[PDB]
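Colleague: Structure provided below as structure tokens; questions to follow.
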Amino acid sequence: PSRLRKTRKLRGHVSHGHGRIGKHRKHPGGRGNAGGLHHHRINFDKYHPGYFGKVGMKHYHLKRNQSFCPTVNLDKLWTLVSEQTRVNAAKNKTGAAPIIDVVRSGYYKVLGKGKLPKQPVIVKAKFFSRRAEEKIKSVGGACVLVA
Amino acid sequence: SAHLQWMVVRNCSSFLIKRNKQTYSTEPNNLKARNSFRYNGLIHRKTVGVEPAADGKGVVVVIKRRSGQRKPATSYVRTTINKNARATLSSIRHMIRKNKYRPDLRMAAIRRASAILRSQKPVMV
Amino acid sequence: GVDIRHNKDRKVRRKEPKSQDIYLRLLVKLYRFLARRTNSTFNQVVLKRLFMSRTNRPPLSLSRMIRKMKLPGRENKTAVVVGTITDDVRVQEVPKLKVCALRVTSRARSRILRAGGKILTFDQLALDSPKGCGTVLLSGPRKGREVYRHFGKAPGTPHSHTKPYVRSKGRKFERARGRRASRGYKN
Amino acid sequence: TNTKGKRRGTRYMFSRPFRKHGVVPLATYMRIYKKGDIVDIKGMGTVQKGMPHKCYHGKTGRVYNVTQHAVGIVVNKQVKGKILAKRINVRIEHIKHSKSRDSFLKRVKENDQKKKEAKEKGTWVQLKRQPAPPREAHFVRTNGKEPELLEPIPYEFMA
Amino acid sequence: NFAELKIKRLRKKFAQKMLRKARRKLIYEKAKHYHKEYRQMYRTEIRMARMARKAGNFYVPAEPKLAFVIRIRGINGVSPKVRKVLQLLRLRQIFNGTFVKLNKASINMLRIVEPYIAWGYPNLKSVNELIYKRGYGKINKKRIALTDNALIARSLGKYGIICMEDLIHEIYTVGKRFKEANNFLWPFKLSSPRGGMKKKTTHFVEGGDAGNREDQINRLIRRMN
Amino acid sequence: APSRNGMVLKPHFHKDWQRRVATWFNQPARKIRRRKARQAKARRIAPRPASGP
RNA sequence: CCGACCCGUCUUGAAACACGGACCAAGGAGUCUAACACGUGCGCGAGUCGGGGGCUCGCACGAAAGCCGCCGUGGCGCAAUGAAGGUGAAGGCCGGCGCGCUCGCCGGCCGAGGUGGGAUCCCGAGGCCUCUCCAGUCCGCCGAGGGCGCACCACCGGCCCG
RNA sequence: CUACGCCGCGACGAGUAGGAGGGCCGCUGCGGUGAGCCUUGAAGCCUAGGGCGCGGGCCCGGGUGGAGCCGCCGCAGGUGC
Ligand SMILES: [Mg+2]
Ligand SMILES: [Mg+2]
Ligand SMILES: [Mg+2]
Ligand SMILES: [Mg+2]
Ligand SMILES: [Mg+2]
Ligand SMILES: [Mg+2]
Ligand SMILES: [Mg+2]
Ligand SMILES: [Mg+2]
Ligand SMILES: [Mg+2]
Ligand SMILES: [Mg+2]
Ligand SMILES: [Mg+2]
Ligand SMILES: [Mg+2]
Ligand SMILES: [Mg+2]
Ligand SMILES: [Mg+2]
Ligand SMILES: [Mg+2]
Ligand SMILES: [Mg+2]
Ligand SMILES: [Mg+2]
Ligand SMILES: [Mg+2]
Ligand SMILES: [Mg+2]
Ligand SMILES: [Mg+2]
Ligand SMILES: [Mg+2]
């Protein structure tokens with residue numbers, strides 16, 4: 001909607017909202033990121049530190065699939081199975097724990113943020129963190145590995 | 001709901017007329033013909049309207065019944081009053097005040113009936 | 001003339017909801033009457049929260065509401081939030097809660113009702129307690145938004161930990177000069 | 001055009017007073033500075049270490065850190081249109097206790113005693129100090145002496 | 001039950017009738033007592049100087065403790081220190097006036113705005129005419145004219161000031177609640193001086209209008225309001 | 001020129017991009033044409049599966 | 001009769017001996033795309049989004065609208081940090097044993113700590129009632145103080161990566 | 001009492017560059033709506049005609065003209081010299 005814009009209100013104002021002294025010229029200051037080291041150095045230093053230079057080792061032919069490894073924390077672990085699964089384990093007189101296969105749910109590594117409910121469970125994953133295995137062990141569960 | 005339907009048609013309505021810094025409303029049952037929640041002739045569970053008769057004598061006082069709200073074919077009860085000026089206004093006042101049927105529209109209905117009755121007597125030179 | 005200043009005369013505050021939602025404006029009408037015609041300051045806070053923008057009405061999770069209702073002496077009180085109540089899958093035991101909210105996620109709704117709880121809209125709350133007696137006026141985290149990570153001091157100033165505006169995160173994106181002592185400086 | 005030297009214009013500011021050179025008196029090294037007490041930053045020039053900057057000379061701040069031979073002071077320095085609380089390390093030669101706060105503590109100590117003493121024994125007394133009131137009415141006696149007449153004196157060229 | 005509720009209402013009307021009557025008698029007696037107190041102050045100052053002259057000594061009268069400060073210069077081109085002090089005296093417009101309790105703090109504030117004000121020591125008639133004719137009350141941040149005694153009672157009755165006579169006594173004889181009573185008074189918006197000023201740009205003692213005129217401020221007041 | 005905080009942007013529009021712009025107003029017509037050819041193929045192989053081997 | 005210099009414009013300063021303007025009509029200049037950022041409105045909400053594809057008489061409108069769900073591939077978000085190998089966010093207390101060695105084996109509970117503020121909410125002495133009283137009937141209002149404390153701010157701890 | 005409504009009280013009102021709000025100011029086209037207007041005279045144009053509004057502008061009478069035009073709710077601009 002062009003009717004809602006400043007241009008419809010700036011009719012009759014000679015400068016069109018751009019000043020009489022300094023006017024609206026073509027490109028005062030260069031085009032794009034011009035002069036980021038000379039006359040826009042203050043803005044680049046103030047708001048984008050680290051912008052200039054190289055850091056680290058360059059690696060050619062980076063395949064993002066090789067390092068694909070999504071993670072899920074212990075607090076979202078029990079949502080990977082059904083609601084029926086958890087309650088059936090909690091009321092199970094037999095100490096038979098369910099199996100949570102996080103590879104099936106699309107995750108490879110289990111991280112250890114949060115806390116687990118007090119019921120054992122077998123967790124299958126490609127990787128675990130040290131605190132993740134510690135907390136799964138502490139509820140009587142087991143950490144097993146897959147490939 | 002009266003308030004909900006009002007929030008729909010308080011500005012977007014076919015009966016609305018916005019003109020000369022005025023706002024009128026032309027639905028059939030609007031006493032005073034003004035665009036207002038109090039006088040809207042379509043959104044209330046009970047409304048009252050005064051119209052001239054089919055012939056050029058008397059009025060037709062119409063009220064909304066309480067049961068057939070979503071059945072507009074039978075939703076209105078029309079009765080014709082064809083008496084003298086004083087007896088007519090007593091019937092309209094009794095219909096509204098005694099029945100407690102929308103008592104806030106008593107004087108608007110009486111004034112509208114007076115306008116219609118006076119508009120029916122012969123014009124002078 | 002008088003020796004005063006007029007640059008602060010007009011107080012900038014919401015006096016009505018910028019929304020055109022009629023269901024919202026109807027209960028804005030209702031709590032405008034309750035605020036005016038009662039001495040309860042609860043109605044005044046609820047009324048002015050009905051004018052606020054969505055960013056000023058952040059969602060309240062289920063875990064946060066359960067935490068506030070667990071505080072001593074808050075039992076048997078109606079949790080009132082002017083905003084959206086949101087399910088949290090990080091909690092496992094939802095207690096019984098009587099709760100009035102502007103809007104509830106369809107999954108948070110099912111868990112509350114399943115636990116024997118009650119859910120009220122603000123028109124049911126007025127008939128429940130017009131003065132807002134026996135209520136706990138909660139709120140979502142106002143500054144829990146991604147914009148606030150960027151606000152504050154400029155990233156290239158000492159002792160500022162504000163997130164810079166970068167199109168990508170990586171070792172090539174704004175990490176060399178001004179970010180380590182080996183490239184210029186660090187501050 | 002002016003240089004940006006750290007000691008420009010301190011020719012007299014950091015110099016010693018007349019006939020006050022020599023050894024630093026050792027009581028200035030025996031003062032006890034806790035945290036939160038009010039000090040004035042003088043900045044004597046005998047000791048070149050830990051010197052305050054010339055903009056803090058004469059200013060007053062509150063201690064927050066205490067080290068072996070210095071203190072940290074939170075002192076307000078006005079920069080253009082803002083005031084900001086600088087934190088400066090200053091050796092104890094360049095500071096001293098502020099007598100303003102020391103007297104205010106004294107008035108508080110006298111105030112709490114006065115409140116308890118008067119409330120115990122029945123009556124109320126005034127604790128807020130008032131500004132100087134208008135002088136009261138009083139009779140000025142003559143003691144039998146007519147006041148002496150004074151006239152302006154004739155002008156005469158001195159020298 | 002119509003009869004009983006009617007009688008209960010007429011009992012509450014009569015109780016209000018009695019309370020209003022009792023408040024009026026209190027206002028009448030307070031004003032009578034204040035008239036006795038004022039004429040005692042007038043006669044005592046005369047008598048004290050009278051007995052001093054019999055003895056051949058002098059009776060230096062007590063220094064004035066109340067002042068009336070009138071702004072005489074406009075708002076254009078004022079230095080920032082003078083502009084700040086005038087705002088502290090609530091004199092933001094030319095030919096505004098207000099009462100100032102006098103001590104060391106206030107007097108030194110008057111010296112700063114000396115070229116911009118004419119001030120002095122108002123007498124009792126000056127205080128009456130200003131409060132009665134030009135007296136407004138700052139009630140709820142509004143400038144509400146003092147047309148009823150209940151206006152003062154609802155905002156200053158907790159200090160005992162419940163009438164215009166109480167307000168005038170509190171202002172003239174500088175009482176404990178002078179600050180509350182004076183701040184309640186909206187600054188007086190006097191007219192131009194009828195008959196004109198001598199010269200606004202010089203001190204009064206050099207044939208002008210600025211600065212302090214001790215008791216000659218009352219002559220200016222009669223023309224100004 | 002940069003103005004206050006912002007994101008350092010690198011728009012790839014320095015290369016006369018207006019000569020080669022692909023519009024998709026023929027997208028609905030392309031869907032219809034594809035759907036028609038799928039049907040025609042299906043009739044051509046009468047009892048064989050329509051989606052191929 | 002009083003007042004009244006020609007507009008536009010750059011300018012510290014224009015009636016200017018500064019520039020454009022003889023007059024009239026018509027046309028005539030912050031647009032669109034892309035990318036961000038913040039604000040607001042709406043839907044859903046730890047999710048969300050079909051935008052490419054496909055299915056529906058093949059098509060006046062309809063090149064629209066509708067549907068998919070084993071079309072959610074994917075994007076963005078839900079996790080950060082390091083150049084990288086890589087690693088990767090729970091604590092509070094009471095108890096018994098080493099040595100309660102500045103500390104390990106556990107139990108039990110509770111489930112993101114604490115201080116100072118903090119709208120709102122809760123308790124509440126004592127008051128406000130009638131033709132009057134000694135004796136309570138049910139709730140209404142004010143209220144000293146007391147309590148739990150949203151968001152947010154300051155600070156102190158705690159956890160993850162180098 | 002068109003609650004986006006109505007009413008009450010007090011203070012205040014300069015303005016370039018610039019920003020913001022309101023516009024029942026105006027142009028063109030689209031979706032709705034006015035059982036709208038019109039050869040018993042539309043648009044356009046002229047007018048010592050009558051008025052309204054602070055204003056942008058608008059309404060009405062007269063004349064000419066001879067076939068189309070507008071109000072309101074929204075939408076979109078190649079929208080005001
Ligand atoms: Mg302008
Ligand atoms: Mg122009
Ligand atoms: Mg003015
Ligand atoms: Mg101004
Ligand atoms: Mg050295
Ligand atoms: Mg001047
Ligand atoms: Mg005269
Ligand atoms: Mg020029
Ligand atoms: Mg020049
Ligand atoms: Mg000019
Ligand atoms: Mg010249
Ligand atoms: Mg020339
Ligand atoms: Mg030129
Ligand atoms: Mg020329
Ligand atoms: Mg034109
Ligand atoms: Mg489609
Ligand atoms: Mg996926
Ligand atoms: Mg806290
Ligand atoms: Mg910390
Ligand atoms: Mg103005
Ligand atoms: Mg154009």
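Naming scheme: A, B, ... for chains in displayed order of the structure tokens; residues 1 onward per chain; ligands 1 onward as shown.
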Please determine the contact residues of chain F with respect to chain C at a cut-off of 7 Å, counting only C-alpha atoms, and supply them as a PyMOL selection string.

Modeller: chain F and resi 6-8

Colleague: Could you turn the residues from that selection into a file that holds N, CA, C and O atoms, as a PDB file, in the first residue's frame?

Modeller:
ATOM      1  N   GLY F   6      23.818  -2.882  12.668  1.00  0.00           N
ATOM      2  CA  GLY F   6      23.257  -3.500  11.486  1.00  0.00           C
ATOM      3  C   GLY F   6      24.036  -4.750  11.172  1.00  0.00           C
ATOM      4  O   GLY F   6      24.940  -5.145  11.908  1.00  0.00           O
ATOM      5  N   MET F   7      23.664  -5.380  10.070  1.00  0.00           N
ATOM      6  CA  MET F   7      24.339  -6.574   9.595  1.00  0.00           C
ATOM      7  C   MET F   7      25.126  -6.214   8.346  1.00  0.00           C
ATOM      8  O   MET F   7      24.606  -5.528   7.463  1.00  0.00           O
ATOM      9  N   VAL F   8      26.381  -6.648   8.289  1.00  0.00           N
ATOM     10  CA  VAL F   8      27.198  -6.402   7.106  1.00  0.00           C
ATOM     11  C   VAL F   8      26.649  -7.268   5.978  1.00  0.00           C
ATOM     12  O   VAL F   8      26.767  -8.495   6.007  1.00  0.00           O
TER      13      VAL F   8
END

Colleague: At a cut-off of 10 Å and counting only C-alpha atoms (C1' of nucleotides) and all ligand atoms, what residues surround ligand 3? Please answer as number ranges by chain.

Modeller: C: 1-2; H: 12-14

Colleague: Could I get the residue neighbourhood of ligand 15 at 8 Å, counting only C-alpha atoms (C1' of nucleotides) and all ligand atoms, as a PDB file with N, CA, C and O atoms (P, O5', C5', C4', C3', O3' and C1' of nucleotides), in the first residue's frame?

Modeller:
ATOM      1  P     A G  26      -3.980  21.847 -16.777  1.00  0.00           P
ATOM      2  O5'   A G  26      -3.245  20.668 -17.538  1.00  0.00           O
ATOM      3  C5'   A G  26      -3.980  19.773 -18.349  1.00  0.00           C
ATOM      4  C4'   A G  26      -3.074  18.940 -19.212  1.00  0.00           C
ATOM      5  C3'   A G  26      -1.961  18.202 -18.498  1.00  0.00           C
ATOM      6  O3'   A G  26      -2.398  17.013 -17.872  1.00  0.00           O
ATOM      7  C1'   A G  26      -1.084  19.279 -20.386  1.00  0.00           C
ATOM      8  P     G G  27      -1.747  16.544 -16.488  1.00  0.00           P
ATOM      9  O5'   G G  27      -0.311  16.011 -16.903  1.00  0.00           O
ATOM     10  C5'   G G  27      -0.167  14.836 -17.682  1.00  0.00           C
ATOM     11  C4'   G G  27       1.254  14.669 -18.148  1.00  0.00           C
ATOM     12  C3'   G G  27       2.297  14.541 -17.054  1.00  0.00           C
ATOM     13  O3'   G G  27       2.405  13.223 -16.556  1.00  0.00           O
ATOM     14  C1'   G G  27       3.013  16.129 -18.640  1.00  0.00           C
TER      15        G G  27
ATOM     16  P     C H  81      -1.300  19.243  -9.186  1.00  0.00           P
ATOM     17  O5'   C H  81       0.055  19.962  -8.785  1.00  0.00           O
ATOM     18  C5'   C H  81       0.060  21.015  -7.834  1.00  0.00           C
ATOM     19  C4'   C H  81       1.298  21.864  -7.948  1.00  0.00           C
ATOM     20  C3'   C H  81       1.375  22.732  -9.195  1.00  0.00           C
ATOM     21  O3'   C H  81       2.082  23.927  -8.883  1.00  0.00           O
ATOM     22  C1'   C H  81       3.191  21.236  -9.169  1.00  0.00           C
TER      23        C H  81
END

Colleague: Which residues of chain A have any atom within 12 Å of an atom in ligand 17 when counting only C-alpha atoms and all ligand atoms, and what is the closest pair of atoms for each, with the distance in Å to one decimal? Order the rows by chain and rising number and write it as a Markdown table.

Modeller:
| residue | atom | partner | partner_atom_place_in_ligand_line | distance |
| --- | --- | --- | --- | --- |
| A:68 | CA | ligand 17 | 1 (Mg) | 11.7 |
| A:70 | CA | ligand 17 | 1 (Mg) | 10.5 |
| A:105 | CA | ligand 17 | 1 (Mg) | 10.0 |
| A:106 | CA | ligand 17 | 1 (Mg) | 7.8 |
| A:107 | CA | ligand 17 | 1 (Mg) | 10.3 |

Colleague: Would you mind listing the residues within 12 Å of ligand 5, counting only C-alpha atoms (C1' of nucleotides) and all ligand atoms, as a short mmCIF file (atom, residue, chain, number, x, y, z; two decimals) with C-alpha atoms, in the first residue's frame?

Modeller:
data_model
loop_
_atom_site.label_atom_id
_atom_site.label_comp_id
_atom_site.auth_asym_id
_atom_site.auth_seq_id
_atom_site.Cartn_x
_atom_site.Cartn_y
_atom_site.Cartn_z
CA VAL D 47 55.72 10.70 45.36
CA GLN D 48 55.57 10.11 41.62
CA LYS D 49 54.13 6.60 41.93
CA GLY D 50 50.39 6.10 42.03
CA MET D 51 49.73 9.74 41.20
#

Colleague: As a PyMOL selection string, list the residues of region 44-139 of chain A assigned to strand (DSSP E) by DSSP on the backbone atoms of this structure.

Modeller: chain A and resi 71-73+99-101+109-111+122-125+127-128

Colleague: Taking only C-alpha atoms (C1' of nucleotides) into account, what are the residues of chain B at most 12 Å from chain H, put as a PDB file with N, CA, C and O atoms, in the first residue's frame?

Modeller:
ATOM      1  N   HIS B   3     -23.779  -7.541  21.419  1.00  0.00           N
ATOM      2  CA  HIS B   3     -22.528  -6.795  21.431  1.00  0.00           C
ATOM      3  C   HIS B   3     -21.568  -7.308  20.372  1.00  0.00           C
ATOM      4  O   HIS B   3     -20.848  -6.521  19.750  1.00  0.00           O
ATOM      5  N   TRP B   6     -22.734  -6.203  17.041  1.00  0.00           N
ATOM      6  CA  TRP B   6     -22.500  -4.771  16.932  1.00  0.00           C
ATOM      7  C   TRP B   6     -21.064  -4.476  16.542  1.00  0.00           C
ATOM      8  O   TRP B   6     -20.808  -3.573  15.743  1.00  0.00           O
ATOM      9  N   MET B   7     -20.112  -5.230  17.087  1.00  0.00           N
ATOM     10  CA  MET B   7     -18.715  -4.994  16.753  1.00  0.00           C
ATOM     11  C   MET B   7     -18.421  -5.359  15.307  1.00  0.00           C
ATOM     12  O   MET B   7     -17.352  -5.024  14.787  1.00  0.00           O
ATOM     13  N   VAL B   8     -19.350  -6.046  14.647  1.00  0.00           N
ATOM     14  CA  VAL B   8     -19.166  -6.412  13.248  1.00  0.00           C
ATOM     15  C   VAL B   8     -19.691  -5.311  12.335  1.00  0.00           C
ATOM     16  O   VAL B   8     -19.031  -4.917  11.367  1.00  0.00           O
ATOM     17  N   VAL B   9     -20.873  -4.781  12.638  1.00  0.00           N
ATOM     18  CA  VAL B   9     -21.599  -3.911  11.725  1.00  0.00           C
ATOM     19  C   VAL B   9     -21.623  -2.465  12.195  1.00  0.00           C
ATOM     20  O   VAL B   9     -22.339  -1.646  11.615  1.00  0.00           O
ATOM     21  N   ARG B  10     -20.857  -2.116  13.229  1.00  0.00           N
ATOM     22  CA  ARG B  10     -20.849  -0.731  13.678  1.00  0.00           C
ATOM     23  C   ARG B  10     -20.257   0.209  12.643  1.00  0.00           C
ATOM     24  O   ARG B  10     -20.505   1.415  12.707  1.00  0.00           O
ATOM     25  N   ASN B  11     -19.473  -0.307  11.706  1.00  0.00           N
ATOM     26  CA  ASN B  11     -18.952   0.502  10.616  1.00  0.00           C
ATOM     27  C   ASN B  11     -19.111  -0.129   9.247  1.00  0.00           C
ATOM     28  O   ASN B  11     -19.106   0.603   8.254  1.00  0.00           O
ATOM     29  N   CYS B  12     -19.249  -1.438   9.150  1.00  0.00           N
ATOM     30  CA  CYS B  12     -19.409  -2.119   7.873  1.00  0.00           C
ATOM     31  C   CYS B  12     -20.827  -2.666   7.821  1.00  0.00           C
ATOM     32  O   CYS B  12     -21.097  -3.763   8.315  1.00  0.00           O
ATOM     33  N   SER B  13     -21.733  -1.902   7.220  1.00  0.00           N
ATOM     34  CA  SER B  13     -23.114  -2.329   7.102  1.00  0.00           C
ATOM     35  C   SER B  13     -23.719  -1.684   5.868  1.00  0.00           C
ATOM     36  O   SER B  13     -23.364  -0.562   5.503  1.00  0.00           O
ATOM     37  N   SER B  14     -24.633  -2.408   5.224  1.00  0.00           N
ATOM     38  CA  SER B  14     -25.258  -1.884   4.018  1.00  0.00           C
ATOM     39  C   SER B  14     -26.240  -0.773   4.337  1.00  0.00           C
ATOM     40  O   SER B  14     -26.454   0.118   3.510  1.00  0.00           O
ATOM     41  N   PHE B  15     -26.842  -0.802   5.520  1.00  0.00           N
ATOM     42  CA  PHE B  15     -27.797   0.223   5.908  1.00  0.00           C
ATOM     43  C   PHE B  15     -27.135   1.510   6.370  1.00  0.00           C
ATOM     44  O   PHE B  15     -27.834   2.500   6.589  1.00  0.00           O
ATOM     45  N   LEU B  16     -25.818   1.521   6.517  1.00  0.00           N
ATOM     46  CA  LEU B  16     -25.112   2.701   6.987  1.00  0.00           C
ATOM     47  C   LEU B  16     -25.105   3.793   5.927  1.00  0.00           C
ATOM     48  O   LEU B  16     -24.995   3.519   4.731  1.00  0.00           O
ATOM     49  N   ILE B  17     -25.224   5.040   6.371  1.00  0.00           N
ATOM     50  CA  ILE B  17     -25.092   6.203   5.502  1.00  0.00           C
ATOM     51  C   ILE B  17     -24.233   7.225   6.232  1.00  0.00           C
ATOM     52  O   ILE B  17     -24.690   7.840   7.198  1.00  0.00           O
ATOM     53  N   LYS B  18     -23.004   7.420   5.769  1.00  0.00           N
ATOM     54  CA  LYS B  18     -22.093   8.406   6.339  1.00  0.00           C
ATOM     55  C   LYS B  18     -21.994   9.565   5.363  1.00  0.00           C
ATOM     56  O   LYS B  18     -21.493   9.400   4.248  1.00  0.00           O
ATOM     57  N   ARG B  19     -22.448  10.740   5.784  1.00  0.00           N
ATOM     58  CA  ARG B  19     -22.624  11.827   4.839  1.00  0.00           C
ATOM     59  C   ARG B  19     -22.848  13.117   5.607  1.00  0.00           C
ATOM     60  O   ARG B  19     -23.623  13.137   6.562  1.00  0.00           O
ATOM     61  N   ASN B  20     -22.172  14.187   5.180  1.00  0.00           N
ATOM     62  CA  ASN B  20     -22.335  15.521   5.763  1.00  0.00           C
ATOM     63  C   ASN B  20     -22.108  15.516   7.273  1.00  0.00           C
ATOM     64  O   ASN B  20     -22.872  16.115   8.032  1.00  0.00           O
ATOM     65  N   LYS B  21     -21.050  14.832   7.706  1.00  0.00           N
ATOM     66  CA  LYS B  21     -20.702  14.692   9.121  1.00  0.00           C
ATOM     67  C   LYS B  21     -21.870  14.137   9.932  1.00  0.00           C
ATOM     68  O   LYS B  21     -22.082  14.509  11.085  1.00  0.00           O
ATOM     69  N   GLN B  22     -22.637  13.241   9.322  1.00  0.00           N
ATOM     70  CA  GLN B  22     -23.729  12.554   9.986  1.00  0.00           C
ATOM     71  C   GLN B  22     -23.631  11.074   9.671  1.00  0.00           C
ATOM     72  O   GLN B  22     -22.941  10.666   8.738  1.00  0.00           O
ATOM     73  N   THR B  23     -24.326  10.267  10.465  1.00  0.00           N
ATOM     74  CA  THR B  23     -24.326   8.820  10.279  1.00  0.00           C
ATOM     75  C   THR B  23     -25.719   8.291  10.569  1.00  0.00           C
ATOM     76  O   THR B  23     -26.157   8.292  11.722  1.00  0.00           O
ATOM     77  N   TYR B  24     -26.401   7.824   9.534  1.00  0.00           N
ATOM     78  CA  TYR B  24     -27.726   7.244   9.658  1.00  0.00           C
ATOM     79  C   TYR B  24     -27.663   5.749   9.404  1.00  0.00           C
ATOM     80  O   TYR B  24     -26.619   5.194   9.066  1.00  0.00           O
ATOM     81  N   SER B  25     -28.803   5.096   9.588  1.00  0.00           N
ATOM     82  CA  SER B  25     -28.875   3.649   9.465  1.00  0.00           C
ATOM     83  C   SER B  25     -30.304   3.288   9.101  1.00  0.00           C
ATOM     84  O   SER B  25     -31.243   3.773   9.736  1.00  0.00           O
ATOM     85  N   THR B  26     -30.467   2.453   8.075  1.00  0.00           N
ATOM     86  CA  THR B  26     -31.756   2.301   7.409  1.00  0.00           C
ATOM     87  C   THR B  26     -32.354   0.905   7.540  1.00  0.00           C
ATOM     88  O   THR B  26     -33.176   0.521   6.705  1.00  0.00           O
ATOM     89  N   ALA B  33     -33.718   6.054  13.402  1.00  0.00           N
ATOM     90  CA  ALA B  33     -32.938   5.764  12.193  1.00  0.00           C
ATOM     91  C   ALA B  33     -31.455   6.072  12.358  1.00  0.00           C
ATOM     92  O   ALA B  33     -30.753   6.336  11.383  1.00  0.00           O
ATOM     93  N   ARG B  34     -30.957   6.031  13.584  1.00  0.00           N
ATOM     94  CA  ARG B  34     -29.578   6.395  13.852  1.00  0.00           C
ATOM     95  C   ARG B  34     -28.724   5.150  14.033  1.00  0.00           C
ATOM     96  O   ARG B  34     -29.191   4.115  14.513  1.00  0.00           O
ATOM     97  N   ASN B  35     -27.463   5.257  13.629  1.00  0.00           N
ATOM     98  CA  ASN B  35     -26.514   4.153  13.740  1.00  0.00           C
ATOM     99  C   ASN B  35     -26.031   4.103  15.178  1.00  0.00           C
ATOM    100  O   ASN B  35     -25.072   4.768  15.561  1.00  0.00           O
ATOM    101  N   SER B  36     -26.720   3.319  15.997  1.00  0.00           N
ATOM    102  CA  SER B  36     -26.347   3.204  17.393  1.00  0.00           C
ATOM    103  C   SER B  36     -26.658   1.798  17.873  1.00  0.00           C
ATOM    104  O   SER B  36     -27.531   1.123  17.328  1.00  0.00           O
ATOM    105  N   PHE B  37     -25.922   1.360  18.892  1.00  0.00           N
ATOM    106  CA  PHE B  37     -26.181   0.051  19.472  1.00  0.00           C
ATOM    107  C   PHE B  37     -27.573  -0.005  20.080  1.00  0.00           C
ATOM    108  O   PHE B  37     -28.282  -1.001  19.932  1.00  0.00           O
ATOM    109  N   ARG B  38     -27.983   1.066  20.757  1.00  0.00           N
ATOM    110  CA  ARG B  38     -29.279   1.081  21.422  1.00  0.00           C
ATOM    111  C   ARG B  38     -30.419   0.961  20.423  1.00  0.00           C
ATOM    112  O   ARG B  38     -31.425   0.298  20.696  1.00  0.00           O
ATOM    113  N   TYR B  39     -30.284   1.587  19.259  1.00  0.00           N
ATOM    114  CA  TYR B  39     -31.375   1.687  18.304  1.00  0.00           C
ATOM    115  C   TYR B  39     -31.236   0.753  17.114  1.00  0.00           C
ATOM    116  O   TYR B  39     -32.100   0.774  16.236  1.00  0.00           O
ATOM    117  N   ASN B  40     -30.183  -0.056  17.052  1.00  0.00           N
ATOM    118  CA  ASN B  40     -30.020  -0.969  15.929  1.00  0.00           C
ATOM    119  C   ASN B  40     -31.177  -1.956  15.882  1.00  0.00           C
ATOM    120  O   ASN B  40     -31.599  -2.495  16.907  1.00  0.00           O
ATOM    121  N   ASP B 104     -36.477   1.218  27.195  1.00  0.00           N
ATOM    122  CA  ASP B 104     -35.630   2.321  26.767  1.00  0.00           C
ATOM    123  C   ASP B 104     -36.051   2.912  25.430  1.00  0.00           C
ATOM    124  O   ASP B 104     -35.599   4.008  25.089  1.00  0.00           O
TER     125      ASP B 104
END

Colleague: CA of residue 201 (chain E) and CA of residue 125 (chain E) are how many Å apart?

Modeller: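 Computing the Euclidean distance for CA of residue 201 (chain E) and CA of residue 125 (chain E) yields 28.1 Å.
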